[PDB]
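Data first, discussion second: the structure below is written as structure tokens.
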Amino acid sequence: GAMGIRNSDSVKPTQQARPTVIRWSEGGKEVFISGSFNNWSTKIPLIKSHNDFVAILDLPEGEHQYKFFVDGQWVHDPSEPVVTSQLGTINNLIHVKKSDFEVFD
């Protein structure tokens with residue numbers, strides 16, 4: 001039952017906080033991402049590539065949580081690390097390293 005679907009946008013400036021990119025593999029039509037990096041407020045749309053889905057967020061440096069959203073359903077990636085919430089729900093964990101510091105360009 002495909003009625004109607006929309007999309008959003010996002011800015012990708014250049015600063016110390018290196019951007020966090022995440023790849024998704026499954027073969028879905030609409031994929032999103034949400035974690036502690038966005039206060040789990042809304043679901044950011046995963047930029048669909050020629051190979052698979054990918055999303056480039058803007059994180060500082062350290063450790064942040066996140067979760068995939070496909071077909072209005074929660075799913076985890078076997079290639080990426082998964083965690084366990086207090087509600088026995090499987091989640092995803094992502095880490096960011098200060099590359100802007102070590103790298104000059």
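Going through the structure tokens in order, the chains are called A, B, and so on, while each chain numbers its residues from 1 and the ligands are numbered from 1 in the order shown.
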| field | Within 10 Å of residue A:81 using only C-alpha atoms, minus same-chain residues under 6 positions, as a list in words | value |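 The residues that qualify are residues 91, 92, 93 and 94 of chain A.
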Would you mind exporting N, CA, C and O atoms of the selected residues as a PDB file, in the first residue's frame?
```
ATOM      1  N   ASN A  91      20.185  -2.969  19.920  1.00  0.00           N
ATOM      2  CA  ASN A  91      20.497  -1.651  19.380  1.00  0.00           C
ATOM      3  C   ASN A  91      21.855  -1.655  18.685  1.00  0.00           C
ATOM      4  O   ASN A  91      22.514  -2.689  18.593  1.00  0.00           O
ATOM      5  N   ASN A  92      22.268  -0.489  18.196  1.00  0.00           N
ATOM      6  CA  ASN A  92      23.547  -0.358  17.508  1.00  0.00           C
ATOM      7  C   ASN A  92      24.420   0.697  18.179  1.00  0.00           C
ATOM      8  O   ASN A  92      23.921   1.714  18.664  1.00  0.00           O
ATOM      9  N   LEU A  93      25.724   0.450  18.204  1.00  0.00           N
ATOM     10  CA  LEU A  93      26.669   1.380  18.815  1.00  0.00           C
ATOM     11  C   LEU A  93      27.703   1.851  17.799  1.00  0.00           C
ATOM     12  O   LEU A  93      28.241   1.054  17.030  1.00  0.00           O
ATOM     13  N   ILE A  94      27.979   3.151  17.802  1.00  0.00           N
ATOM     14  CA  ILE A  94      28.952   3.728  16.884  1.00  0.00           C
ATOM     15  C   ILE A  94      29.977   4.575  17.629  1.00  0.00           C
ATOM     16  O   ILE A  94      29.656   5.226  18.624  1.00  0.00           O
TER      17      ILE A  94
END
```
| field | Contacts of residue A:27 within 8 Å, only C-alpha atoms, excl. fewer than 2 positions in-chain, as an MDAnalysis selection string | value | chainID A and resid 25 29 52
Mind writing the picked residues with N, CA, C and O atoms as a compact mmCIF listing (two decimals), in the first residue's frame?
```txt
# COMPACT_ATOMS: atom_id res chain seq x y z
N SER A 25 22.77 -2.46 4.84
CA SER A 25 22.58 -3.51 3.85
C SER A 25 21.34 -4.34 4.17
O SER A 25 21.22 -4.90 5.26
N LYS A 29 13.20 -0.05 0.78
CA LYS A 29 12.84 1.13 0.00
C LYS A 29 13.10 2.41 0.79
O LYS A 29 13.74 3.33 0.30
N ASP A 52 24.18 0.66 -1.94
CA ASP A 52 23.31 0.48 -0.79
C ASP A 52 22.98 1.82 -0.14
O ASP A 52 23.30 2.88 -0.69
```
| said: Give me, as a PyMOL selection string, the residues of chain A that a backbone DSSP run labels strand (DSSP E). | reply: chain A and resi 19-24+31-35+44-45+47-48+53-58+62-70+73-75+82-84+90-96
With C-alpha atoms kept, could you save the residues just selected as a PDB file, in the first residue's frame?
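The resulting file, out21.pdb, is shown below:
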```
ATOM      1  CA  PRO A  19      31.326  13.373  10.190  1.00  0.00           C
ATOM      2  CA  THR A  20      30.070   9.893  11.068  1.00  0.00           C
ATOM      3  CA  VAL A  21      29.087   7.775   8.065  1.00  0.00           C
ATOM      4  CA  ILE A  22      27.111   4.541   8.370  1.00  0.00           C
ATOM      5  CA  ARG A  23      26.298   1.979   5.680  1.00  0.00           C
ATOM      6  CA  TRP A  24      23.177  -0.195   5.614  1.00  0.00           C
ATOM      7  CA  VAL A  31      15.570   3.580   5.460  1.00  0.00           C
ATOM      8  CA  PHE A  32      16.275   5.974   8.329  1.00  0.00           C
ATOM      9  CA  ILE A  33      18.603   6.383  11.309  1.00  0.00           C
ATOM     10  CA  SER A  34      18.125   7.650  14.863  1.00  0.00           C
ATOM     11  CA  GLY A  35      20.265   7.691  17.993  1.00  0.00           C
ATOM     12  CA  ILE A  44      16.981  11.043   9.479  1.00  0.00           C
ATOM     13  CA  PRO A  45      16.643   9.668   5.924  1.00  0.00           C
ATOM     14  CA  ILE A  47      20.939   8.670   1.487  1.00  0.00           C
ATOM     15  CA  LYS A  48      20.317   5.857  -0.997  1.00  0.00           C
ATOM     16  CA  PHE A  53      21.969   2.986   1.741  1.00  0.00           C
ATOM     17  CA  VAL A  54      24.321   5.370   3.544  1.00  0.00           C
ATOM     18  CA  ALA A  55      23.986   8.303   5.942  1.00  0.00           C
ATOM     19  CA  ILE A  56      26.591  10.893   6.925  1.00  0.00           C
ATOM     20  CA  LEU A  57      25.875  12.470  10.310  1.00  0.00           C
ATOM     21  CA  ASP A  58      27.837  15.095  12.240  1.00  0.00           C
ATOM     22  CA  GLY A  62      33.873   9.435  21.355  1.00  0.00           C
ATOM     23  CA  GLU A  63      30.882   7.101  21.487  1.00  0.00           C
ATOM     24  CA  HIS A  64      27.287   7.450  20.333  1.00  0.00           C
ATOM     25  CA  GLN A  65      24.269   5.169  20.009  1.00  0.00           C
ATOM     26  CA  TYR A  66      22.049   4.667  16.962  1.00  0.00           C
ATOM     27  CA  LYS A  67      19.442   2.399  15.373  1.00  0.00           C
ATOM     28  CA  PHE A  68      18.317   1.525  11.846  1.00  0.00           C
ATOM     29  CA  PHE A  69      14.741   2.066  10.668  1.00  0.00           C
ATOM     30  CA  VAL A  70      13.452   0.070   7.698  1.00  0.00           C
ATOM     31  CA  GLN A  73      10.533  -1.660  11.675  1.00  0.00           C
ATOM     32  CA  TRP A  74      13.599  -1.903  13.913  1.00  0.00           C
ATOM     33  CA  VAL A  75      16.578  -3.870  12.602  1.00  0.00           C
ATOM     34  CA  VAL A  82      25.004  -4.334  18.419  1.00  0.00           C
ATOM     35  CA  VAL A  83      24.106  -3.538  22.028  1.00  0.00           C
ATOM     36  CA  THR A  84      21.342  -4.546  24.437  1.00  0.00           C
ATOM     37  CA  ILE A  90      18.809  -4.919  20.343  1.00  0.00           C
ATOM     38  CA  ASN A  91      20.497  -1.651  19.380  1.00  0.00           C
ATOM     39  CA  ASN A  92      23.547  -0.358  17.508  1.00  0.00           C
ATOM     40  CA  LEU A  93      26.669   1.380  18.815  1.00  0.00           C
ATOM     41  CA  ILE A  94      28.952   3.728  16.884  1.00  0.00           C
ATOM     42  CA  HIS A  95      32.287   5.333  17.760  1.00  0.00           C
ATOM     43  CA  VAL A  96      33.956   8.460  16.375  1.00  0.00           C
TER      44      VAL A  96
END
```
| task | as a list in words, list the residues of chain A assigned to helix (DSSP H, G or I) by DSSP on the backbone atoms of this structure. | result |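 So the helix (DSSP H, G or I) residues in chain A would be residues 36, 37, 38, 99, 100, 101 and 102 of chain A.
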Using N, CA and C atoms, can you export the residues from the last selection as a compact mmCIF listing (two decimals), in the first residue's frame?
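Final file, again.txt:
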```txt
# COMPACT_ATOMS: atom_id res chain seq x y z
N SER A 36 21.28 8.65 19.97
CA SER A 36 21.49 9.66 21.00
C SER A 36 22.10 10.92 20.40
N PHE A 37 22.60 10.81 19.18
CA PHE A 37 23.21 11.94 18.49
C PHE A 37 22.15 12.95 18.06
N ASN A 38 20.91 12.50 17.97
CA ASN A 38 19.80 13.36 17.57
C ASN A 38 18.70 13.36 18.62
N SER A 99 39.69 12.61 13.80
CA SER A 99 40.55 12.52 12.63
C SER A 99 40.97 13.90 12.15
N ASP A 100 40.16 14.90 12.47
CA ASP A 100 40.45 16.28 12.07
C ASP A 100 41.70 16.79 12.77
N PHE A 101 42.01 16.21 13.92
CA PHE A 101 43.19 16.62 14.69
C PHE A 101 44.46 16.03 14.09
N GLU A 102 44.44 14.72 13.86
CA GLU A 102 45.60 14.03 13.29
C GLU A 102 45.79 14.42 11.82
```
| Using only C-alpha atoms, which of the listed residues (A:26, A:98, A:60, A:11) sits closest to residue A:77? |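 Closest to residue A:77, using only C-alpha atoms: A:26.
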| query | Suppose you want the space between atom CA of residue A:8 and atom CA of residue A:105; what is it in Å? | reply |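 Separating atom CA of residue A:8 from atom CA of residue A:105 is a distance of 29.1 Å.
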